[PDB]
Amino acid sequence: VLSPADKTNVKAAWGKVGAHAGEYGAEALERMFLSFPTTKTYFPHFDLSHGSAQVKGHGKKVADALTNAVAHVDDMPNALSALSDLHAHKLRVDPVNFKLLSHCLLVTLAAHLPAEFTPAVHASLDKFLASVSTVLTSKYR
């Protein structure tokens, strides 16, 4: 579970992302597609090249969903209800891929937060992303 300290840590780090949210979501996606090419199997309808509109647009959607999760950190299952439905019933992404994107999101944050990405904040962000991932796969079966 996310401790008060975790929630404080996440809110501070994600708060520094701010308007860079969409950019960082797209970058994390690119990192994932390059580092873990099997994740591309979920996006055959995408042009996956660097700079592409579909990746930029999807990056903003992922980031905004994270912003929503942060805004409702005490009740993420409810806040993310439509999204967990969508992943369980339609998108049907294998759960391991959430670990891949989570890591790539951490790497992206690390690469953009030289000051904020302390060991304690790293730990809290990783817990947060695992929590989001758990909620997003909570209706799979």
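Numbering starts at 1 and runs along the sequence shown. Between two forms, the rigid core is the largest collection of C-alphas that superpose within 1.5 Å.
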query	finding
Higher-deviation segment by CA RMS in 6 other deposited structures of this protein, core fitted, 104-112 or 90-98	90-98
Greater Cα displacement in 6 other deposited structures of this protein once the core is superposed, comparing 40-48 with 81-89	81-89
92-100 versus 73-81 - greater average Cα B-factor per the deposited record	73-81
Comparing 126-134 with 11-19, the one whose average Cα B-factor in the PDB entry is higher	11-19
Maximum C-alpha temperature factor, selected from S49, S35, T67, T38	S49
Maximum C-alpha temperature factor, selected from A53, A63, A110, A28	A53
B-factor third for the C-alpha atom of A115 within its chain	highest
